[PDB]
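Chains as they are written, first to last, in the working numbering: chain A, 20 to 252; chain B, 20 to 252; chain C, 20 to 252; chain D, 10 to 209; chain E, 10 to 209; chain F, 10 to 209; chain G, 10 to 209. Each residue gets a CB set at the ideal place from its N, CA and C atoms; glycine is no exception. Down below is the structure, laid out as structure tokens.
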Amino acid sequence: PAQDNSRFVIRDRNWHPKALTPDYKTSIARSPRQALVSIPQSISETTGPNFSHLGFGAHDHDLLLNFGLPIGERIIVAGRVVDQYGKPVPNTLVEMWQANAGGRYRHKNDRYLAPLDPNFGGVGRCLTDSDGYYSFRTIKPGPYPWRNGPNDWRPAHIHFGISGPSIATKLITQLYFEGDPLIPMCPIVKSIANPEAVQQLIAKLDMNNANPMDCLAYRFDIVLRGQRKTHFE
Amino acid sequence: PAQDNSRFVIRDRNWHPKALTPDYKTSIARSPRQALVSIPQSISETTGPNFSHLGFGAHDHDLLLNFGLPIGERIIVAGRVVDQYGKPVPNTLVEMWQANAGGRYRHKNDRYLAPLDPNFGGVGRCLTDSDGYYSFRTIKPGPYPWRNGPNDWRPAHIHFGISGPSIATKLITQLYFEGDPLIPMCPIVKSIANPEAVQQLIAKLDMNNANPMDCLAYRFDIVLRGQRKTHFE
Amino acid sequence: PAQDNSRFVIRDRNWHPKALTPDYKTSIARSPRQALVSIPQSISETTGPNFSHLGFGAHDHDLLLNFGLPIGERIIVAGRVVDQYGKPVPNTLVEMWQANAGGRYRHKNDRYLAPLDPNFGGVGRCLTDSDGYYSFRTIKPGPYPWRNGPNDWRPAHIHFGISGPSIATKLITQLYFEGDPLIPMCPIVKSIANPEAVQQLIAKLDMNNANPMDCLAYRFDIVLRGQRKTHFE
Amino acid sequence: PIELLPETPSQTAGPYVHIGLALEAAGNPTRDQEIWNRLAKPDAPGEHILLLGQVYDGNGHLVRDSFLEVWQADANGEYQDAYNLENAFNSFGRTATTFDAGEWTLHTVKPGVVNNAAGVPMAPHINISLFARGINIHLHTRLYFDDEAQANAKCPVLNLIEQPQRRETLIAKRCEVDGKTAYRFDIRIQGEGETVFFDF
Amino acid sequence: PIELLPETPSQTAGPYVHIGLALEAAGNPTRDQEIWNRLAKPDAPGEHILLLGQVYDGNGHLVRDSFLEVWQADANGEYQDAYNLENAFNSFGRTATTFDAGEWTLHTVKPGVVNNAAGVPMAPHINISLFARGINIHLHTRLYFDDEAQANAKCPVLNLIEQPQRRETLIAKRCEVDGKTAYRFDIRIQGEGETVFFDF
Amino acid sequence: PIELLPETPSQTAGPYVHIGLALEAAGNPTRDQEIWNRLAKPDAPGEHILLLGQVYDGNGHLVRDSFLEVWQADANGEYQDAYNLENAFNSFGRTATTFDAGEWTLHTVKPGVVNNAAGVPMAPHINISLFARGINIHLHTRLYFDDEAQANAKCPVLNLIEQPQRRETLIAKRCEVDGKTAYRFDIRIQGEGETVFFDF
Amino acid sequence: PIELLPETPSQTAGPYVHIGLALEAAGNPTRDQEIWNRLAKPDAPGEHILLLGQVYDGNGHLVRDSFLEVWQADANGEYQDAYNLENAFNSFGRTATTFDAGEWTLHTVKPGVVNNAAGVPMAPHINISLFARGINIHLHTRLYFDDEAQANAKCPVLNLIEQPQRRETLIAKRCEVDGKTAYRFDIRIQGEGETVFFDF
Ligand SMILES: O=C(O)c1ccc(O)c(I)c1
Ligand SMILES: O=C(O)c1ccc(O)c(I)c1
Ligand SMILES: O=C(O)c1ccc(O)c(I)c1
Ligand SMILES: O=C(O)c1ccc(O)c(I)c1
Ligand SMILES: O=C(O)c1ccc(O)c(I)c1
Ligand SMILES: O=C(O)c1ccc(O)c(I)c1
Ligand SMILES: O=C(O)c1ccc(O)c(I)c1
Ligand SMILES: [Fe+3]
Ligand SMILES: [Fe+3]
Ligand SMILES: [Fe+3]
Ligand SMILES: [Fe+3]
């Protein structure tokens, strides 16, 4: 079974968005009013599931084939999962979901008027390799309006979920695309107080990884909490 | 019939792209080697067609309906046509064409592997109003690969044609979208020596014209050669 | 036999000197007028010879002994060959040639009035090690006048040829010496439009690699095109 | 000071989280293997229990789009990290609240006791992570059992919560569902009886 | 000095100009009203002629994706600006070259003489603007007729071309096609016999 | 966007390239092992041939200081990258043009067929890189054989050259030298019949 | 992006708003024509009603310096924008809370149904804007009638409010004052039963 062999650098709760960010309306009623209770790390928090033996399908990571070809900009989304110390995170679970090219999600609750794409599901999963590399093949999602202010539009984005070595590193985030004019206008994006933090969520155009005459490529590296050995404990 | 009452401010051939711009491969063999011959303006050059009476269809300018709904980001492209003196150019002909959400053109020669959109054509026309305004409803086109350099990609763009008051003012250009990272890498874009001139081709996100919960909007204004009365002729 | 398992990052032909550079007279008649034709990479382009088993002589890389001692500045020229990703290029062939201390080449066509050196040949070869390192021992070449303009002089330089993993990576260049006042006056050097690229050709004085009371050293690292694995092809 | 690379900023899961991590619930076809709400197979050793609960917002309204992840030890107080659908027991699981009823459920066994870093035993507990639209960064909590009052009273973690009344918020209430042993665990994100959430 | 707003910069039309300005050719459904290569209805006054030509690049190769716009006076030497498909004669038209043979064709009438700004008459001519992939800013030229030699000799425009040898590049060669009066006007973008292009 | 390290800039080989890569030619003593123009040993499988050519500048003058590198598959269409003087066949070679006649020669075997990345066979070809004084960056080209018209017509590579007249510049003309099968491949750097140069 | 001139910023009305907009209330001489709380004259068609209510702050305390502006369609569901004291009905009115009792009253007629932009009918309602000291920018709300349950169930605006319990805050409770039909509509600025406020 798992063993309590490591500690994880404490989260900077001023870097991450706070719970109460009033411009993002829903957060008002779904944010605690009491202070979080800090607790020391134990085996309970320093361990987590290892997805190495999950039976992954052949196209689990290719959104172009896992659901005709989808309509939209063909792109590769790749990068590395590293910890704050710059150490690769191997055999970790990376899951993603996104809307289609028009900003439509394949979910019962999505009633936006842009149509669904018969060849697009919008879900992927990939286990990082020995170097912490993952890659997905999909189409560039479109922006979509949502019920926040009267004229609010989310910038195009991909939802990401990363497991990491434990429950303490587990994270859910969103990737934004380089140069999108919608970014600085987003109340969710703006939940993040520091502009510099916002930059970490911006995928960069990577011509070097593109398949000439085929698809573009974006680079999105992910930094999980630093993992260290316990010492003088 | 047409009258020789006007004179048009002479074109700045240093502002517009030159004929010979080697990075843009096709320009080598398709550019003259002799100097252009300047000729005085006559009725021949100072007059042109008026399309006030062309029978435009009801959705001539609505690419969402003029071809099911297309897949892609729903947007409105609007602006005004003025001359160098800043005078509006009413009742002038504005034409546009573009690729689908995937960068696929509905043209026999387009072999790119992005699929065609069954509900999308890519053509529109609009006659400016008394104030020089025009608008189109469409989906934002996707970039696409092209045989120039081994890994060249055109930035997403809409091709535009504008008639103006005479054949001396007629122009074909391309609209680019604000923030597109592909812009500065384009050899076609760079055919233009002045970066200030490049700015004139970028459409700006226009939240003020957007339809909440429906579609976004882009602003593109066009400037034609200044028109003046003849004097002391 | 060789296998098609790699892709090379496309060359930046605006970084490299253009073909037609008029100040360098001979380039006028020796440059194409038609545009280069771009082709996809195949096993033909992505493979190359491995020089691992060439029978290198003992002094192949030592110009001080491979031809008395030559007259001139004793120097070591060393560096590393990496790809654009920063990955070392092991077991690669590095070849070099230069003039003597007076600017005279041991070549039939050289009639410069500076004399030949009885103990100097001017040719070297070295296979890079597991870490991409190469090294040569020689004398610093002198500048020489050439028939370009009425008073043109080449800055002191060493010609270099490097193989890399494939024919796609093969390159011929010239090394210049840090601070030479002739550098910025040379039409060949100026063939390169970006002063930033020029800097890449200047070997830097390397006091740490010098041999006290013996010889100086210069560091010259070479960067070949980035090698990547094919994906979603 | 020494600054490392900053961690990638968190962002809300949003309302469509299911499509990505709760396929069935998005109402989409699932894949061969999915991570779900059944941590133990019938032949898993231990006392088989049913877990169920609801999640409330600051207004006392049900959060019907919440997503939950659970981490627990087996009946022997052991953490099984090697996740496999073949296993009799998995320590990791996922669940979500119904778009209708808005109640989540989990099938597992009562976790054995595990010691903290200092070698002190913790009362049997289940680690929970709560995600949802409106939540910028996930909320961490723990589920304890009301039938373990003795263990509960000595829990080094439970004991960190200053106010006793707040500890109550973490205790699941025993019941029976279909003659099966069940515990109900309601989460209150904000306001009166607000559940305790941790930072670690 | 005084500076006005700068004119919007030109861009090449690209290879797919046809989808926008020459629908049929793009091989796409056309709209009710299109601007095409038929300036004159058979009931139009003046001498009915057919114009045809090829466009060559500097290598002497056919430019199969060119787009052309023409502007000409009617038979009286009058410019008819009010474009209408109902008109017997329109002063404006558009044509393009075949992706196959690479020849364009125009159906019109021989234009009448028009005076320049100084009251000096110009030889009959057709104003042409050439568009295509590889052409950043369109080329302006004029089509004159070989059977108007007397007039051509005195054209104040043609007289502006310094070298007589160059004037001849502007002269269409009279022929007949299917018993109809046609004029062949080849445009040589570059090199040997390069066509005169104007700036105005 | 993402920027990698910039590749070291190319420079012309200059007129003395021979002292470095073609010793004999420099008129200098050679070393034990040299990379030269004999790719195949008499006992090498495949059809033995002689390759020869001249290099012309833009004024029609011979380029007498040119240096060439070749890369080709063996008769089985396999690339033998393990360079060894003991081998019966080496996929790689070097040649230069004579200061007098200005002609280069190579002793090889006609290459076997290789498939492109998409699995399509390419016509038998020899990859060539040309270096010389006046040439800032080496020129890439391919040598095809005129006696493989069938294969040539189907080459995915040859087919990328837009103008068919341009394709002909890549085809070596079969001949005989001293009763030996030879092919002549002349390169025209500039002007009339300019050879197709590639970028990859 | 395109930026327009910025809208002039709002500022609270202050406690003395009455002197400018509710002269009588300010206890100052009024002018010939004033805009007040009698939208309908006796002879105006529709069911005449009396609207009354109180405004509560976060502490449950009465807000006695509120100024309200109402906008409603006539009995026919038509908006009467040409304000005139002569009219039998004016779609616009103004009222305020008594410094004593702190209740406002308006004399109007029950509004007819109007269609939203999409062509769907909205339940009868009155648009209100509330101004007062402590309110930086005015609050927008709507008054719906309890005796129009059927319509209420279907309003596209009302159904835009997520939690049903919140919708109830917008419904006025019918009563009788002096044998006259009345409806009471209390506004709760903050807290328990806080009234729904709109953004448009
Ligand atoms: O972070 C905040 O702004 C915050 C947190 C807790 C709380 O009770 C309140 I009021 C505000
Ligand atoms: O604009 C140029 O660069 C240009 C123009 C004409 C010409 O003959 C040449 I060579 C170059
Ligand atoms: O790069 C150049 O300047 C260039 C290229 C090709 C060509 O035909 C000409 I004239 C100039
Ligand atoms: O409707 C919403 O609020 C909504 C939808 C999708 C999505 O990714 C987000 I974040 C929010
Ligand atoms: O294929 C090309 O060269 C090409 C295609 C589309 C387009 O808009 C342009 I400009 C060029
Ligand atoms: O004589 C010349 O032109 C010459 C000589 C040597 C050399 O390295 C170069 I570059 C040019
Ligand atoms: O007493 C107050 O609060 C007060 C008085 C006057 C005024 O204009 C304002 I704003 C506030
Ligand atoms: Fe989303
Ligand atoms: Fe295009
Ligand atoms: Fe030299
Ligand atoms: Fe005041």
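How about residue i and residue j: do their beta carbons lie closer than 8 Å?
i         : j         : result
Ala-22/G  : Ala-141/G : yes
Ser-19/F  : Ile-191/C : yes
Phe-70/A  : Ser-185/A : no
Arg-49/B  : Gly-102/E : no
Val-129/D : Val-56/A  : no
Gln-174/F : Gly-67/F  : no
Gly-198/A : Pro-160/B : no
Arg-73/G  : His-116/G : no
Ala-212/A : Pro-15/D  : no
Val-96/B  : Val-108/B : no
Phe-86/C  : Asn-138/C : yes
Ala-105/G : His-27/G  : yes
By a C-beta neighbour count over all protein chains shown, 10 Å radius and 16 as the cutoff for buried, is residue i buried or exposed?
i         : result
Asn-119/A : buried
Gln-219/A : buried
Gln-103/C : buried
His-70/G  : exposed
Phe-108/G : exposed
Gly-76/A  : exposed
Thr-65/B  : buried
Report, in whole angstroms, the separation of the C-beta atoms of residue i and residue j, which I expect to be a contact under 8 Å.
i         : j         : result
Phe-194/D : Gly-62/D  : 4 Å
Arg-52/B  : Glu-203/E : 6 Å
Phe-196/C : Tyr-237/C : 7 Å
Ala-187/C : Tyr-88/F  : Their Cβ separation, rounded to whole angstroms, is 13 Å, which puts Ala-187/C and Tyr-88/F out of contact at 8 Å.
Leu-32/E  : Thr-39/E  : 4 Å
With a cut-off of 8 Å, does the C-beta of residue i fall near any C-beta of chain J?
i        : result
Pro-10/G : Given the protein chain composition of this structure (A, B, C, D, E, F and G), no chain J is represented.
Give a yes or no on contact between the stretch 142-152 of chain C and the stretch 96-112 of chain C, applying the rule of three or more CB pairs nearer than 8 Å.
Counting Cβ pairs under 8 Å, three or more are found: they touch.
Give, in chain order, every unbroken run of the beta strand (DSSP E) that is at least 3 residues long and sits entirely within the stretch 60-93 of chain E.
Runs of the beta strand (DSSP E) inside the stretch 60-93 of chain E: 76-80.
Continuous beta strand (DSSP E) assignments of at least 3 residues falling wholly in the stretch 123-194 of chain A
Within the stretch 123-194 of chain A, the complete beta strand (DSSP E) runs of at least 3 residues are 142-146, 152-158, 163-165, 171-173, 176-181.
Inspect the CB distances between the stretch 51-61 of chain A and the stretch 86-102 of chain D and report whether three or more fall short of 8 Å.
No, they do not touch.
Whole alpha helix (DSSP H) runs in the stretch 167-200 of chain G with 4 or more residues, listed along the chain?
Listed in chain order, they are 173-176.
Could you say if the stretch 126-141 of chain G and the stretch 165-183 of chain G meet the contact criterion of at least three C-beta pairs nearer than 8 Å?
When Cβ pairs closer than 8 Å are counted between the two stretches, the stretch 126-141 of chain G is seen to touch the stretch 165-183 of chain G, the count reaching three or more.
Quick one: which unbroken beta strand (DSSP E) runs of 3-plus residues sit fully inside the stretch 75-112 of chain A? Chain order, please.
Whole beta strand (DSSP E) segments, 3+ residues: 93-102.
With a cut-off of 8 Å, do at least 3 Cβ pairs link the stretch 205-213 of chain A to the stretch 166-175 of chain A?
Counting Cβ pairs under 8 Å, three or more are found: they touch.
Contact the stretch 69-89 of chain G vs the stretch 113-133 of chain G: 3+ CB pairs below 8 Å
These segments touch.
Flag this pair as touching only if the stretch 77-92 of chain C and the stretch 136-145 of chain C have three or more C-beta atom pairs under 8 Å; answer yes or no.
The stretch 77-92 of chain C, when compared against the stretch 136-145 of chain C, does touch it at the 8 Å Cβ threshold.
Mind the definition here: the stretch 185-193 of chain E touches the stretch 61-76 of chain E only if three or more C-beta pairs lie below 8 Å; say whether that holds.
Yes, the stretch 185-193 of chain E is in contact with the stretch 61-76 of chain E.
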